[PDB]
Every structure is written in structure tokens, then in C-alpha cells.
$ cat run-v4.cif   # mmCIF, C-alpha atoms and all ligand atoms
data_my_file
#
loop_
_atom_site.group_PDB
_atom_site.id
_atom_site.type_symbol
_atom_site.label_atom_id
_atom_site.label_comp_id
_atom_site.auth_asym_id
_atom_site.auth_seq_id
_atom_site.Cartn_x
_atom_site.Cartn_y
_atom_site.Cartn_z
ATOM 1 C CA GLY V 1 -22.941 29.568 -16.101
ATOM 2 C CA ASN V 2 -21.567 26.633 -14.142
ATOM 3 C CA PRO V 3 -22.921 23.188 -14.943
ATOM 4 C CA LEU V 4 -25.733 21.683 -12.909
ATOM 5 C CA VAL V 5 -25.701 17.900 -12.903
ATOM 6 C CA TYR V 6 -27.735 15.207 -11.178
ATOM 7 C CA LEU V 7 -27.389 11.784 -9.619
ATOM 8 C CA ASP V 8 -30.470 9.616 -9.091
ATOM 9 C CA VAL V 9 -29.636 7.147 -6.330
ATOM 10 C CA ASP V 10 -31.219 3.840 -5.237
ATOM 11 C CA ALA V 11 -30.673 1.889 -2.022
ATOM 12 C CA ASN V 12 -31.401 -1.820 -2.429
ATOM 13 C CA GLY V 13 -33.256 -1.001 -5.642
ATOM 14 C CA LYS V 14 -35.541 1.600 -4.070
ATOM 15 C CA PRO V 15 -35.189 5.187 -5.285
ATOM 16 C CA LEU V 16 -33.989 7.664 -2.682
ATOM 17 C CA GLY V 17 -34.336 10.680 -4.948
ATOM 18 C CA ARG V 18 -32.046 13.091 -6.740
ATOM 19 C CA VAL V 19 -28.867 14.882 -5.768
ATOM 20 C CA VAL V 20 -28.246 18.028 -7.808
ATOM 21 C CA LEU V 21 -24.689 19.351 -7.908
ATOM 22 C CA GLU V 22 -23.224 22.659 -9.058
ATOM 23 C CA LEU V 23 -19.820 22.173 -10.654
ATOM 24 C CA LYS V 24 -17.535 25.155 -10.100
ATOM 25 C CA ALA V 25 -16.117 25.348 -13.616
ATOM 26 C CA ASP V 26 -15.292 29.003 -13.002
ATOM 27 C CA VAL V 27 -12.609 27.872 -10.476
ATOM 28 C CA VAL V 28 -11.730 24.315 -11.555
ATOM 29 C CA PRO V 29 -12.779 23.992 -15.198
ATOM 30 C CA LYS V 30 -10.835 20.801 -15.927
ATOM 31 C CA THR V 31 -12.142 18.998 -12.861
ATOM 32 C CA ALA V 32 -15.695 20.242 -13.438
ATOM 33 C CA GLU V 33 -15.625 19.156 -17.099
ATOM 34 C CA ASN V 34 -14.494 15.652 -16.183
ATOM 35 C CA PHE V 35 -17.346 15.205 -13.723
ATOM 36 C CA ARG V 36 -19.887 16.759 -16.098
ATOM 37 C CA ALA V 37 -19.001 14.410 -18.943
ATOM 38 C CA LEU V 38 -18.945 11.372 -16.638
ATOM 39 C CA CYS V 39 -22.504 12.303 -15.598
ATOM 40 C CA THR V 40 -23.766 12.582 -19.190
ATOM 41 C CA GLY V 41 -21.864 9.488 -20.287
ATOM 42 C CA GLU V 42 -21.086 11.252 -23.558
ATOM 43 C CA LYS V 43 -17.578 9.736 -23.892
ATOM 44 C CA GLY V 44 -19.053 6.213 -23.717
ATOM 45 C CA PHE V 45 -18.455 5.620 -19.997
ATOM 46 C CA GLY V 46 -19.330 7.276 -16.717
ATOM 47 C CA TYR V 47 -21.148 7.102 -13.435
ATOM 48 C CA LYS V 48 -24.400 5.486 -14.565
ATOM 49 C CA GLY V 49 -24.767 2.156 -12.779
ATOM 50 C CA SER V 50 -21.873 2.678 -10.365
ATOM 51 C CA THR V 51 -21.977 2.575 -6.579
ATOM 52 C CA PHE V 52 -21.258 4.464 -3.385
ATOM 53 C CA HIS V 53 -18.665 2.016 -2.058
ATOM 54 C CA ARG V 54 -17.474 3.846 1.065
ATOM 55 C CA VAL V 55 -19.906 5.725 3.293
ATOM 56 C CA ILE V 56 -18.899 6.933 6.752
ATOM 57 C CA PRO V 57 -21.487 8.620 8.978
ATOM 58 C CA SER V 58 -20.472 12.117 10.121
ATOM 59 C CA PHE V 59 -17.828 12.244 7.387
ATOM 60 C CA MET V 60 -18.722 11.661 3.721
ATOM 61 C CA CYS V 61 -20.221 9.469 1.005
ATOM 62 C CA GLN V 62 -17.758 8.214 -1.641
ATOM 63 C CA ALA V 63 -18.558 6.876 -5.112
ATOM 64 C CA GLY V 64 -17.462 6.741 -8.694
ATOM 65 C CA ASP V 65 -15.386 3.618 -9.304
ATOM 66 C CA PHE V 66 -17.283 2.574 -12.413
ATOM 67 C CA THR V 67 -14.463 0.327 -13.650
ATOM 68 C CA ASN V 68 -13.776 -2.018 -10.720
ATOM 69 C CA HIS V 69 -16.801 -1.205 -8.581
ATOM 70 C CA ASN V 70 -14.639 -1.685 -5.502
ATOM 71 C CA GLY V 71 -12.867 1.602 -4.719
ATOM 72 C CA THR V 72 -9.553 0.924 -6.439
ATOM 73 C CA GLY V 73 -10.699 2.053 -9.904
ATOM 74 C CA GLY V 74 -12.316 4.699 -12.073
ATOM 75 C CA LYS V 75 -10.873 6.795 -14.948
ATOM 76 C CA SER V 76 -11.176 10.352 -16.160
ATOM 77 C CA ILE V 77 -12.189 11.625 -19.559
ATOM 78 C CA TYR V 78 -8.553 12.647 -20.109
ATOM 79 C CA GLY V 79 -6.887 9.343 -19.284
ATOM 80 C CA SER V 80 -6.541 7.204 -16.199
ATOM 81 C CA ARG V 81 -5.521 10.049 -13.858
ATOM 82 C CA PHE V 82 -5.179 13.826 -14.002
ATOM 83 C CA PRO V 83 -3.473 16.520 -11.908
ATOM 84 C CA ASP V 84 -4.745 18.386 -8.902
ATOM 85 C CA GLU V 85 -6.092 21.507 -10.586
ATOM 86 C CA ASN V 86 -5.901 23.770 -7.516
ATOM 87 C CA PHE V 87 -6.916 23.843 -3.859
ATOM 88 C CA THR V 88 -8.724 27.161 -4.081
ATOM 89 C CA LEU V 89 -12.100 25.857 -2.844
ATOM 90 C CA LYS V 90 -12.208 24.489 0.696
ATOM 91 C CA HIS V 91 -14.057 21.677 2.453
ATOM 92 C CA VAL V 92 -16.292 24.158 4.229
ATOM 93 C CA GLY V 93 -19.197 22.004 5.405
ATOM 94 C CA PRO V 94 -21.857 19.466 4.497
ATOM 95 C CA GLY V 95 -22.661 19.243 0.793
ATOM 96 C CA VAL V 96 -19.137 19.869 -0.512
ATOM 97 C CA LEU V 97 -18.237 17.832 -3.611
ATOM 98 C CA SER V 98 -14.589 16.826 -3.845
ATOM 99 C CA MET V 99 -12.294 14.408 -5.697
ATOM 100 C CA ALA V 100 -11.134 11.202 -4.048
ATOM 101 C CA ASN V 101 -7.495 10.337 -4.648
ATOM 102 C CA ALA V 102 -4.562 8.055 -3.949
ATOM 103 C CA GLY V 103 -2.111 10.888 -3.248
ATOM 104 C CA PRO V 104 -1.109 13.982 -5.214
ATOM 105 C CA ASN V 105 -2.240 14.178 -8.826
ATOM 106 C CA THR V 106 -4.283 10.967 -8.903
ATOM 107 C CA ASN V 107 -7.773 12.263 -9.710
ATOM 108 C CA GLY V 108 -9.769 9.832 -11.827
ATOM 109 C CA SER V 109 -13.500 9.491 -11.389
ATOM 110 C CA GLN V 110 -13.948 8.726 -7.688
ATOM 111 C CA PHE V 111 -15.527 11.544 -5.715
ATOM 112 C CA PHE V 112 -17.172 12.243 -2.393
ATOM 113 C CA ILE V 113 -19.932 14.366 -0.918
ATOM 114 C CA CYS V 114 -19.191 15.635 2.577
ATOM 115 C CA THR V 115 -21.691 15.444 5.411
ATOM 116 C CA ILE V 116 -19.584 17.644 7.715
ATOM 117 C CA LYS V 117 -16.783 20.212 7.372
ATOM 118 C CA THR V 118 -13.700 18.167 6.501
ATOM 119 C CA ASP V 119 -10.976 20.788 6.886
ATOM 120 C CA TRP V 120 -8.174 18.243 7.192
ATOM 121 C CA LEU V 121 -8.682 17.444 3.504
ATOM 122 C CA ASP V 122 -7.986 21.040 2.428
ATOM 123 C CA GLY V 123 -4.901 21.116 0.255
ATOM 124 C CA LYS V 124 -5.119 17.359 -0.330
ATOM 125 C CA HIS V 125 -8.407 16.862 -2.219
ATOM 126 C CA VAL V 126 -9.667 19.092 -5.012
ATOM 127 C CA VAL V 127 -13.042 20.588 -4.160
ATOM 128 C CA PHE V 128 -15.088 21.260 -7.277
ATOM 129 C CA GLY V 129 -18.740 21.812 -6.378
ATOM 130 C CA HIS V 130 -21.557 21.427 -3.903
ATOM 131 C CA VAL V 131 -25.062 20.094 -3.383
ATOM 132 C CA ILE V 132 -27.764 22.427 -4.734
ATOM 133 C CA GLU V 133 -30.675 20.110 -3.950
ATOM 134 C CA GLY V 134 -31.035 16.722 -2.312
ATOM 135 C CA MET V 135 -29.147 16.850 0.961
ATOM 136 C CA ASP V 136 -32.014 14.692 2.279
ATOM 137 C CA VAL V 137 -30.893 12.030 -0.194
ATOM 138 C CA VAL V 138 -27.281 12.434 0.932
ATOM 139 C CA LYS V 139 -28.368 12.003 4.577
ATOM 140 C CA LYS V 140 -30.193 8.794 3.608
ATOM 141 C CA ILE V 141 -27.059 7.491 1.859
ATOM 142 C CA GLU V 142 -24.982 8.465 4.907
ATOM 143 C CA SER V 143 -27.316 6.528 7.202
ATOM 144 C CA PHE V 144 -26.498 3.330 5.245
ATOM 145 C CA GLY V 145 -22.785 3.621 5.984
ATOM 146 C CA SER V 146 -20.670 2.512 8.922
ATOM 147 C CA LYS V 147 -17.493 3.449 10.779
ATOM 148 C CA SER V 148 -15.419 1.206 8.489
ATOM 149 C CA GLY V 149 -17.105 2.642 5.401
ATOM 150 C CA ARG V 150 -18.838 -0.615 4.501
ATOM 151 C CA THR V 151 -22.380 0.051 3.276
ATOM 152 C CA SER V 152 -25.346 -1.862 4.711
ATOM 153 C CA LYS V 153 -27.434 -1.368 1.565
ATOM 154 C CA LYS V 154 -26.339 -1.414 -2.065
ATOM 155 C CA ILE V 155 -26.241 2.230 -3.061
ATOM 156 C CA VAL V 156 -26.365 2.755 -6.823
ATOM 157 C CA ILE V 157 -26.336 5.782 -9.102
ATOM 158 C CA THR V 158 -29.098 4.542 -11.392
ATOM 159 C CA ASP V 159 -29.181 7.608 -13.615
ATOM 160 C CA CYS V 160 -27.172 10.795 -13.986
ATOM 161 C CA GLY V 161 -26.813 13.670 -16.389
ATOM 162 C CA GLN V 162 -26.651 17.394 -16.983
ATOM 163 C CA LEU V 163 -29.484 19.813 -16.200
ATOM 164 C CA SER V 164 -27.815 23.000 -17.484
HETATM 165 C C1 LIG L 201 -11.380 6.652 5.123
HETATM 166 O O1 LIG L 201 -11.416 7.596 3.996
HETATM 167 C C2 LIG L 201 -10.531 8.656 3.977
HETATM 168 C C3 LIG L 201 -9.702 8.927 5.063
HETATM 169 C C4 LIG L 201 -8.815 9.999 4.962
HETATM 170 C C5 LIG L 201 -8.747 10.791 3.822
HETATM 171 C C6 LIG L 201 -9.594 10.482 2.751
HETATM 172 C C7 LIG L 201 -10.515 9.410 2.830
HETATM 173 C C8 LIG L 201 -11.460 9.049 1.780
HETATM 174 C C9 LIG L 201 -12.892 9.700 1.948
HETATM 175 C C10 LIG L 201 -12.676 11.057 1.346
HETATM 176 C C11 LIG L 201 -11.945 10.761 0.043
HETATM 177 N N1 LIG L 201 -11.051 9.662 0.438
HETATM 178 C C12 LIG L 201 -10.112 9.162 -0.393
HETATM 179 O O2 LIG L 201 -9.955 9.656 -1.535
HETATM 180 C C13 LIG L 201 -9.331 7.954 0.113
HETATM 181 N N2 LIG L 201 -8.548 7.360 -0.953
HETATM 182 C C14 LIG L 201 -9.129 6.451 -1.745
HETATM 183 O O3 LIG L 201 -10.247 5.990 -1.546
HETATM 184 N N3 LIG L 201 -8.353 6.010 -2.761
HETATM 185 C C15 LIG L 201 -8.739 5.119 -3.811
HETATM 186 C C16 LIG L 201 -8.576 5.774 -5.110
HETATM 187 C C17 LIG L 201 -8.058 5.105 -6.187
HETATM 188 C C18 LIG L 201 -7.905 5.729 -7.423
HETATM 189 C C19 LIG L 201 -8.367 7.053 -7.652
HETATM 190 N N4 LIG L 201 -8.297 7.627 -8.890
HETATM 191 C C20 LIG L 201 -8.992 7.727 -6.596
HETATM 192 C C21 LIG L 201 -9.073 7.083 -5.355
#

$ encode --input "run-v4.cif" --output "C-alpha cells"
Amino acid sequence: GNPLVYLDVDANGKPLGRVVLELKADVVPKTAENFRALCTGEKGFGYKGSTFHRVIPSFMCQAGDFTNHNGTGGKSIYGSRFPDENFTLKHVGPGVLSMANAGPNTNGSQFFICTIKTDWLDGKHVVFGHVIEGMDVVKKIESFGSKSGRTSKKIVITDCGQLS
């Protein structure tokens, strides 16, 4: 079936717990595979040690720039950027997992987890999974954001990988 992956997240060095994500490889196999491999680190790089750099309460938590650790970077397993696979899945509510981007066809590694329905992103960001377990952790992360997106604690993906 579809991959299940995990992110273990700290805030200021204290563990918050685990976010488990289903990756909808049935719908967006290329996008799912990228995220899966970045979780395992099997290509020699990935999310381990990277941060949630932009967190906006009542919107989303954004992470995954493991190259510049500032929100301008990240890379995919295919190369620096890859195309928008499709817009078949929608930003339906809290827990949606979607690719950050800098315009059409600029998926890399940055991603976000929604904390509300973000319908205005439909057709612009590729949705590729959702939270299976750990929305409590996501709500904790969210609570350390701000209107500007600046985080008030250092939020780090300490560990990540594939469950199935
Ligand atoms: C204030 O944040 C947003 C406002 C409107 C639309 C989207 C966003 C944020 C949160 C949801 C995802 N998102 C973005 O992707 C904004 N763009 C972004 O952060 N671009 C940096 C970037 C650089 C390279 C790559 N590969 C991906 C993203």
C-alpha cells in the first residue's frame, strides 16, 4: 500500500512526539517517492536535522529546507526541482500534507502540514498525503508560530523514516 512515514519533532531540544504521514503514492507516485526517500535519508540527504522555518497559526507549518535551513533551499531526489505532478488531491482541512513551492513546477523538498482548510492553494500546491497520527504534535508546532511565520522556539525534525 501507500507509504507511512514519520517525523519526530523537538521544540527547543524537547521532544514533542511523532507525526505519522500517509503518502498518497496511488495518486502522486513521484511526489510521494521523493518525500519517502527524504524521510529515510537513503540517497545520502534528507529531512533529518532540518527545521520548521515558517509556522503560521490557523494556517500551516512549513519545513524541509535541509540545504540552507532558511526557507530558500531544499532539493529533491531527482534534482534541484521537479514538476507539479497533478492537482488531483485538494487542501481539504487540517492535516493535509502538501509541497511548498516558488511558483509552478518548483517542488524540491520543502513541504507543509495544514492546520485548517487552505482551499486557495488548490491548483497551486501539490497535495500528496495527510496526518495519520500526531495532530497533537502539529498543534504544538503551530502554537510556536506567529503571524509573520517566525517561530518562537527552534523546531527540529530530529529523526524521520519509513514505517511501511
Ligand atoms: C506565507 O506563506 C504562504 C502564503 C501564500 C501561499 C503559500 C505560502 C507558504 C505556506 C504554504 C506553502 N507556502 C509556500 O510554498 C510559499 N513559498 C515558499 O516558501 N517558497 C520558498 C521555496 C523555495 C524553493 C522551493 N523548492 C520551495 C519553496

$ resolve_selection --input "run-v4.cif" --expression "the PyMOL selection byres (((not hetatm)) within 9 of (chain L and resi 201))" --output "ChimeraX atom specification"
/V:54-56,59-62,64-65,71-76,80-82,98-103,105-114,118,120-121,124-125,147-149

$ residues_around --input "run-v4.cif" --residues "residue 141 in chain V" --least-positions-apart "2" --cutoff "12 Å" --atoms "only C-alpha atoms" --output "short mmCIF file (atom, residue, chain, number, x, y, z; two decimals) with C-alpha atoms, in the coordinates of the input"
data_model
loop_
_atom_site.label_atom_id
_atom_site.label_comp_id
_atom_site.auth_asym_id
_atom_site.auth_seq_id
_atom_site.Cartn_x
_atom_site.Cartn_y
_atom_site.Cartn_z
CA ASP V 8 -30.47 9.62 -9.09
CA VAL V 9 -29.64 7.15 -6.33
CA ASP V 10 -31.22 3.84 -5.24
CA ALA V 11 -30.67 1.89 -2.02
CA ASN V 12 -31.40 -1.82 -2.43
CA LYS V 14 -35.54 1.60 -4.07
CA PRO V 15 -35.19 5.19 -5.28
CA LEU V 16 -33.99 7.66 -2.68
CA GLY V 17 -34.34 10.68 -4.95
CA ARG V 18 -32.05 13.09 -6.74
CA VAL V 19 -28.87 14.88 -5.77
CA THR V 51 -21.98 2.58 -6.58
CA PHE V 52 -21.26 4.46 -3.38
CA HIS V 53 -18.66 2.02 -2.06
CA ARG V 54 -17.47 3.85 1.06
CA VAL V 55 -19.91 5.72 3.29
CA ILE V 56 -18.90 6.93 6.75
CA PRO V 57 -21.49 8.62 8.98
CA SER V 58 -20.47 12.12 10.12
CA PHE V 59 -17.83 12.24 7.39
CA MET V 60 -18.72 11.66 3.72
CA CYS V 61 -20.22 9.47 1.00
CA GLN V 62 -17.76 8.21 -1.64
CA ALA V 63 -18.56 6.88 -5.11
CA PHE V 112 -17.17 12.24 -2.39
CA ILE V 113 -19.93 14.37 -0.92
CA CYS V 114 -19.19 15.64 2.58
CA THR V 115 -21.69 15.44 5.41
CA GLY V 134 -31.04 16.72 -2.31
CA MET V 135 -29.15 16.85 0.96
CA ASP V 136 -32.01 14.69 2.28
CA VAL V 137 -30.89 12.03 -0.19
CA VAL V 138 -27.28 12.43 0.93
CA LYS V 139 -28.37 12.00 4.58
CA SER V 143 -27.32 6.53 7.20
CA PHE V 144 -26.50 3.33 5.24
CA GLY V 145 -22.78 3.62 5.98
CA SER V 146 -20.67 2.51 8.92
CA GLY V 149 -17.10 2.64 5.40
CA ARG V 150 -18.84 -0.62 4.50
CA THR V 151 -22.38 0.05 3.28
CA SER V 152 -25.35 -1.86 4.71
CA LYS V 153 -27.43 -1.37 1.56
CA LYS V 154 -26.34 -1.41 -2.06
CA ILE V 155 -26.24 2.23 -3.06
CA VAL V 156 -26.36 2.76 -6.82
CA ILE V 157 -26.34 5.78 -9.10
#

$ residues_around --input "run-v4.cif" --residues "residue 123 in chain V" --least-positions-apart "5" --cutoff "9 Å" --atoms "all atoms listed in the file" --output "list in words"
residues 86, 87, 88 and 90 of chain V

$ residues_around --input "run-v4.cif" --residues "range 33-44 of chain V" --least-positions-apart "6" --cutoff "7 Å" --atoms "all atoms listed in the file" --output "number ranges by chain"
V: 5, 76-77, 160-162

$ atom_distance --input "run-v4.cif" --atom1 "CA of residue 117 in chain V" --atom2 "CA of residue 129 in chain V"
14.0 Å

$ closest_residue --input "run-v4.cif" --among "V:116, V:1, V:89, V:83" --to "residue 104 in chain V" --atoms "all atoms listed in the file"
V:83

$ atom_distance --input "run-v4.cif" --atom1 "CA of residue 163 in chain V" --atom2 "CA of residue 20 in chain V"
8.7 Å

$ atom_distance --input "run-v4.cif" --atom1 "CA of residue 28 in chain V" --atom2 "CA of residue 85 in chain V"
6.4 Å

$ residues_around --input "run-v4.cif" --residues "residue 23 in chain V" --least-positions-apart "5" --cutoff "6 Å" --atoms "all atoms listed in the file" --output "short mmCIF file (atom, residue, chain, number, x, y, z; two decimals) with C-alpha atoms, in the coordinates of the input"
data_model
loop_
_atom_site.label_atom_id
_atom_site.label_comp_id
_atom_site.auth_asym_id
_atom_site.auth_seq_id
_atom_site.Cartn_x
_atom_site.Cartn_y
_atom_site.Cartn_z
CA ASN V 2 -21.57 26.63 -14.14
CA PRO V 3 -22.92 23.19 -14.94
CA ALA V 32 -15.70 20.24 -13.44
CA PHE V 128 -15.09 21.26 -7.28
CA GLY V 129 -18.74 21.81 -6.38
#

$ closest_residue --input "run-v4.cif" --among "V:132, V:126, V:66, V:119" --to "residue 91 in chain V" --atoms "all atoms listed in the file"
V:119

$ closest_residue --input "run-v4.cif" --among "V:29, V:49, V:13, V:95" --to "residue 69 in chain V" --atoms "all atoms listed in the file"
V:49
